[PDB]
There are 2 protein chains.
Amino acid sequence: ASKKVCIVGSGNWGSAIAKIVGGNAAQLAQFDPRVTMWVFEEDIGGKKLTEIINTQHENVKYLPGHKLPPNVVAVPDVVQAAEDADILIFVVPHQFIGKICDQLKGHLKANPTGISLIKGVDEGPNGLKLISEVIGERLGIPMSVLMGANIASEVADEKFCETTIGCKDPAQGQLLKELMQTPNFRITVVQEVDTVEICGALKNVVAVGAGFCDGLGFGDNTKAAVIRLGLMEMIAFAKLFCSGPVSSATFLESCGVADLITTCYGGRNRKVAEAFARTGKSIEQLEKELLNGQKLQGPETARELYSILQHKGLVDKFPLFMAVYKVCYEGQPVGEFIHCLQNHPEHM
Amino acid sequence: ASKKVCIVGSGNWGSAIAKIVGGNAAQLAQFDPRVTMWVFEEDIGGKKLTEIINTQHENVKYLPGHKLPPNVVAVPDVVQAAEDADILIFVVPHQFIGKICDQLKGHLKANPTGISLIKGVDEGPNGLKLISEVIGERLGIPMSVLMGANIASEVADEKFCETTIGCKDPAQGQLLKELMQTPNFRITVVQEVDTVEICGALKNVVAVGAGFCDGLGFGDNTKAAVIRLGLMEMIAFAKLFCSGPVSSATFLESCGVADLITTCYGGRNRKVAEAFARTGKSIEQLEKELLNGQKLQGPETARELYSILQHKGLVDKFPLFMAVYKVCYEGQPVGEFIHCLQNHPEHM
Ligand SMILES: NC(=O)c1ccc[n+]([C@@H]2O[C@H](COP(=O)([O-])OP(=O)(O)OC[C@H]3O[C@@H](n4cnc5c(N)ncnc54)[C@H](O)[C@@H]3O)[C@@H](O)[C@H]2O)c1
Ligand SMILES: NC(=O)c1ccc[n+]([C@@H]2O[C@H](COP(=O)([O-])OP(=O)(O)OC[C@H]3O[C@@H](n4cnc5c(N)ncnc54)[C@H](O)[C@@H]3O)[C@@H](O)[C@H]2O)c1
């Protein structure tokens with residue numbers, strides 16, 4: 001029997017993914033052509049967004065200049081969207097996944113599996129807690145993740161790129177790959193799930209600082225350095241707080257070095273972080289003023305890093321991460337950022 | 001006794017290095033204030049360049065909008081400029097190093113040392129042969145290297161960046177760091193010379209490829225993957241052709257990931273690579289029409305990797321490098337570049 005797929009989420013990335021998943025489900029036999037997409041209902045000029053999506057087959061508010069495959073159906077109730085799904089792609093802003101596992105808990109199919117595209121980290125009474133873990137625990141289903149240099153707008157334009165899928169079960173990995181891959185969306189399945197997922201979360205903090213540096217008037221040599229030092233801390237962080245095995249070779253996958261690069265140069269975090277350096281407005285305000293409803297995962301992830309590090313009394317071990325955190329939330333002048341670069345340890 | 005320094009070269013990078021070396025030499029006791037710089041004489045409208053430099057204290061033709069420290073003296077005869085030097089900074093386009101060397105052979109001080117900033121590779125009977133090695137053997141002097149994300153224009157504008165110094169001798173490493181370091185030019189000394197030098201050489205080949213993709217109309221996700229797949233081939237190439245230990249860590253130094261990033265975004269090879277993808281003019285002609293005298297090291301380096309690989313019969317082992325080489329010299333359509341990424345192996 002063909003597998004039913006449900007896309008929980010519908011934003012910039014969620015909509016781009018819909019195009020890829022919609023296209024594959026329709027052309028592939030192993031996947032049910034009917035693909036549901038949970039859409040947090042919104043009123044746009046009196047019309048309901050779900051209505052507009054199923055009528056015009058496009059979510060222009062979040063993914064401009066693109067159509068969505070007709071077979072992707074917008075469903076306002078999450079339970080109804082996931083009810084009969086065999087595979088659930090979790091792709092919503094970090095701050096809402098919690099409540100969504102709410103309603104979903106206990107209303108899923110027997111052997112339903114899931115894959116997460118959410119970038120960020122959670123905290124557990126005992127160390128760091130991956131979003132994928134939290135979701136897999138609450139919903140009780142096998143989890144995988146997809147992480148890579150995939151700025152939505154470029155993906156929706158079908159511009160060549162790659163991504164990394166973290167899945168322990170080979171059979172499932174080859175499965176998710178057949179569902180996600182495209183002649184221009186090349187995937188590499190990997191087993192070190194945790195490392196691949198933390199690369200996605202942590203790279204956004206680095207990108208906020210990169211953004212700060214642009215707002216300070218610096219160029220490529222500097223952004224390269226911020227990227228380079230942040231990578232030093234990312235690997236240091238993963239090897240410290242991640243359960244079991246953590247290899248550096250994993251950071252050389254799309255989820256590490258490549259995602260770090262494309263994000264520091266063209267991600268939403270870089271843009272806002274640059275404006276923050278210039279205007280002095282709040283991360284929140286700029287978020288609302290510049291992203292037309294899309295969510296930043298950068299700042300809040302830094303905030304989470306802070307909490308995770310202090311509960312271990314190790315706040316002084318990650319200068320760059322904490323410098324990003326302090327400028328965003330503590331009021332530290334952006335003009336002192338360079339300083340964390342000038343005194344950053346040579347190795348960690 | 002202070003050490004006299006001689007800068008062999010006066011180009012884009014040579015001139016910036018002169019500012020940095022000129023400044024520290026004047027400010028630090030261990031270095032003689034008189035800094036000689038060999039300048040390949042040029043007739044700039046009836047005036048000798050060396051005369052312009054020593055009078056106007058600027059080499060605008062190669063480093064626009066900047067002055068050079070008065071203590072940096074332009075010397076037209078390389079033997080005269082290097083004669084009394086204790087430290088020699090080799091920084092000239094790859095194509096001119098060989099001739100300069102046999103001119104210097106037997107004319108250096110007994111215990112003279114040298115550091116090479118030249119990016120490229122040569123070929124010896126059986127395989128690879130590093131430029132620094134060729135210089136050391138021909139001039140019979142100990143060698144070091146300086147390699148990092150260092151776009152000259154930015155280094156000259158005093159914008160924060162880092163660089164890597166590859167030196168086997170600790171004492172000599174610290175000394176070179178004192179002569180080269182700046183509050184905005186941060187140095188890390190490592191002993192893996194060979195790997196550091198191979199990174200500078202190889203990354204330009206990747207940058208030519210990045211420029212191609214820009215010329216094909218692609219964005220950041222594609223450039224990121226280009227850099228990522230390029231790194232994969234770099235490490236695999238270094239581990240296979242370099243003498244002695246080649247650690248993957250070394251690539252996380254400025255000379256590796258960083259320079260890879262900055263070059264692919266604001267380097268001369270990228271600029272020309274793009275113009276080549278658009279106009280169809282020869283690289284040589286573009287080099288002349290766009291860099292007002294400056295020299296690209298990327299295309300010739302690819303031409304060299306081809307020679308090396310074709311002598312080991314491994315031309316088929318490095319798709320990306322050889323794709324860069326083929327588009328540059330065989331007439332392979334540039335549009336066919338993405339094809340070497342789509343079919344690129346996942347691991348090497
Ligand atoms: N934007 C990208 O290019 C990109 C690329 C790779 C991964 N991602 C990741 O994808 C995840 C999803 O982000 P995204 O880009 O699809 O969205 P957005 O950040 O593009 O959009 C905000 C979305 O949140 C929803 N929303 C707003 N208020 C809500 C509420 N109160 N409750 C529930 N939902 C609400 C809206 O329905 C809208 O779809 C993120 O974790 C991010 O890291 C994004
Ligand atoms: N440009 C950069 O930002 C940068 C940054 C790091 C490393 N580098 C490396 O530094 C090395 C030096 O490059 P550069 O940027 O100073 O030069 P250019 O490429 O900036 O200049 C060409 C130079 O070559 C000289 N020249 C021309 N014809 C010659 C001849 N026939 N004989 C001898 N010399 C001749 C000129 O005097 C001129 O100074 C290169 O190998 C490069 O990879 C450059």
Side-chain angles (χ1 to χ4, degrees), chain A residues 2-26 31-44 47-63 66-120 122 131-132 134-146 150 152 155-156 176 179-180 291-295 297:
Chain A
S2 63
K3 314 282 195 165
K4 281 189 183 57
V5 176
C6 171
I7 297 172
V8 182
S10 58
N12 197 224
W13 189 213
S15 294
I17 235 60
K19 292 172 62 58
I20 294 180
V21 175
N24 283 159
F31 295 110
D32 189 300
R34 177 166 184 276
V35 188
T36 62
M37 177 178 80
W38 173 60
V39 175
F40 173 77
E41 196 63 76
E42 277 185 75
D43 174 58
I44 303 169
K47 298 180 179 297
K48 292 190 181 200
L49 182 50
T50 51
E51 233 153 51
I52 294 172
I53 292 174
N54 294 315
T55 294
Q56 297 173 307
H57 300 300
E58 71 181 14
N59 195 175
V60 302
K61 172 163 180 176
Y62 299 103
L63 183 63
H66 289 291
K67 308 297 295 184
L68 302 183
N71 56 313
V72 171
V73 57
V75 185
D77 178 284
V78 66
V79 172
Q80 307 198 195
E83 271 178 4
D84 315 302
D86 301 295
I87 297 171
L88 296 89
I89 294 75
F90 295 81
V91 54
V92 298
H94 193 331
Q95 76 214 239
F96 305 120
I97 187 64
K99 174 170 181 180
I100 288 169
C101 295
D102 238 335
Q103 308 151 295
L104 294 181
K105 190 168 208 307
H107 302 83
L108 308 180
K109 283 186 64 174
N111 303 299
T113 56
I115 190 170
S116 185
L117 288 51
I118 306 148
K119 301 184 178 177
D122 279 308
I131 297 169
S132 74
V134 185
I135 297 180
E137 276 157 50
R138 272 256 255 187
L139 303 182
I141 74 297
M143 286 281 122
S144 279
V145 293
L146 185 153
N150 315 317
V155 175
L176 287 164
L179 178 69
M180 305 289 221
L291 306 183
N292 180 37
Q294 303 178 192
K295 307 301 175 181
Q297 309 293 256

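Hydrogens, waters and symmetry mates play no part in the numbers below; they use all other heavy atoms, side chains included. Quick note on labels: first sequence line is chain A, next is B, and so on, each numbered from 1.
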*Asks:* Looking at side-chain heavy atoms only, is the closest gap between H57(A) and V72(A) below 4.5 Å?
*Replies:*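 The answer is no; the side chains never approach within 4.5 Å.
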*Asks:* Would you say that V134(A) contacts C101(A) through its side chain, given a criterion of any heavy-atom pair below 4.5 Å between the two side chains?
*Replies:*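 A side-chain contact under 4.5 Å is absent here.
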*Asks:* Is the count of non-hydrogen atoms from other residues, nucleotides or ligands lying under 6.0 Å from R34(A) atom CZ greater than 12?
*Replies:*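 Counting neighbours around CZ of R34(A), 12 or fewer heavy atoms of other residues, nucleotides or ligands fall under 6.0 Å, so no.
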*Asks:* Got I87(A) and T113(A) here, is their nearest side-chain heavy-atom distance under 4.5 Å?
*Replies:*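 Touching, per the 4.5 Å side-chain cut-off.
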*Asks:* Do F90(A) and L139(A) come within less than 4.5 Å of each other through their side chains, counting heavy atoms only?
*Replies:*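 SC-SC contact between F90(A) and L139(A) confirmed.
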*Asks:* Does any part of the side chain of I53(A), heavy atoms only, come nearer than 4.5 Å to the side chain of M37(A), both counted from C-beta?
*Replies:*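 Yes. Closest side-chain heavy atoms under 4.5 Å.
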*Asks:* Can a donor-acceptor pair be found, under 3.5 Å and without considering hydrogens, that links the side chain of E41(A) to the backbone of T50(A)?
*Replies:*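 A pair under 3.5 Å: yes.
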*Asks:* Could you check if a side-chain atom of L179(A) sits within less than 4.5 angstrom of a side-chain atom of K3(A), using non-hydrogen atoms only?
*Replies:*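 Sidechains of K3(A) and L179(A): no contact.
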*Asks:* Any side-chain to backbone donor/acceptor pair from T36(A) onto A81(A)? Under 3.5 Å, distance only.
*Replies:*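 Here the side-chain-to-backbone pair exists.
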*Asks:* Determine whether a donor-acceptor pair (N or O, by modelled atom type, separation under 3.5 Å) exists between the side chain of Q297(A) and the backbone of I118(A).
*Replies:*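 No; zero donor-acceptor contacts below 3.5 Å.
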*Asks:* If we ignore hydrogens and angles and just use 3.5 Å, is the side chain of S15(A) paired with the main-chain N or O of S10(A) as donor and acceptor?
*Replies:*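 The answer is yes, because a donor-acceptor pair under 3.5 Å joins these two groups.
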*Asks:* Compare every heavy atom of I141(A) with every heavy atom of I135(A), then report the nearest pair and how far apart it is.
*Replies:*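 For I135(A) versus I141(A), the nearest heavy atoms are O-CD1, 3.9 Å.
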*Asks:* Sort out for me which residue in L63(A), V155(A), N24(A) forms a side chain to side chain contact (heavy atoms under 4.5 Å, CB included) with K19(A).
*Replies:*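 Of the listed options, the one satisfying the test is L63(A).
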*Asks:* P69(A) and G23(A): which non-hydrogen atoms are nearest, and at how many Å?
*Replies:*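 Shortest heavy-atom contact: CG-N, 4.0 Å.
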*Asks:* Return the minimal non-hydrogen interatomic distance between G14(A) and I7(A), and the atom names on each side.
*Replies:*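 Smallest heavy-atom distance, with atoms named: O-CG2, 4.2 Å.
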*Asks:* First locate atom OG of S144(A), then atom CD1 of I89(A), and finally report the distance between them rounded to the nearest 0.5 Å.
*Replies:*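 Rounded to the nearest 0.5 Å, the OG-CD1 separation comes out at 10.5 Å.
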*Asks:* Apply salt bridge (charged side-chain N to carboxylate O under 4.0 Å, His left out) to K61(A) and list each qualifying residue two or more places apart in sequence or on a separate chain.
*Replies:*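 Expected list: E42(A).
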*Asks:* Within the distance-only criterion (no hydrogens, no angle test), does the side chain of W38(A) pair as donor or acceptor with the backbone N or O of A74(A) below 3.5 angstrom?
*Replies:*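 Pair absent, no side-chain N/O of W38(A) close to backbone of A74(A).
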*Asks:* Would you check if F40(A) and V92(A) make a side-chain contact, meaning some heavy-atom pair closer than 4.5 Å?
*Replies:*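 SC-SC contact between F40(A) and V92(A) ruled out.
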*Asks:* Please name all residues satisfying salt bridge (charged side-chain N to carboxylate O under 4.0 Å, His left out) with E58(A), sequence neighbours left out, ordered by chain then number.
*Replies:*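 Partners of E58(A) under the salt bridge (charged side-chain N to carboxylate O under 4.0 Å, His left out) test: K67(A).
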*Asks:* Rounded to the nearest 0.5 Å, what separates atom CG in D43(A) from atom CG in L49(A)?
*Replies:*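 Answer rounded to 0.5 Å: 9.5 Å.
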*Asks:* If I take atom CG from residue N12(A) and atom NZ from residue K295(A), how far apart are they, to the nearest 0.5 angstrom?
*Replies:*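 Here the interatomic distance stands at 13.0 Å.
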*Asks:* Give me the atom names and distance for the closest heavy-atom approach of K119(A) to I131(A).
*Replies:*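 What the structure gives for the nearest pair is C-CD1, 4.5 Å.
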*Asks:* Should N59(A) and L68(A) count as side-chain neighbours, where that means a heavy-atom distance under 4.5 Å?
*Replies:*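 Counting from C-beta outward, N59(A) and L68(A) do come under 4.5 Å.
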*Asks:* What's the separation between atom CD in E83(A) and atom CG in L104(A), rounded to the nearest 0.5 Å?
*Replies:*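 CG of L104(A) is found 10.5 Å from CD of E83(A).
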*Asks:* As an exercise, state the distance from CH2 of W13(A) to CD of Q294(A), rounded to the nearest 0.5 Å.
*Replies:*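 It is 13.0 Å, given to the nearest 0.5 Å.
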*Asks:* Who are the salt bridge (charged side-chain N to carboxylate O under 4.0 Å, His left out) partners of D32(A), not counting sequence neighbours?
*Replies:*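 Here the qualifying residues are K4(A).
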*Asks:* With rounding to the nearest 0.5 angstrom, report the CG to CG distance, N150(A) to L117(A).
*Replies:*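 Going from the CG atom of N150(A) to the CG atom of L117(A) covers 8.5 Å.
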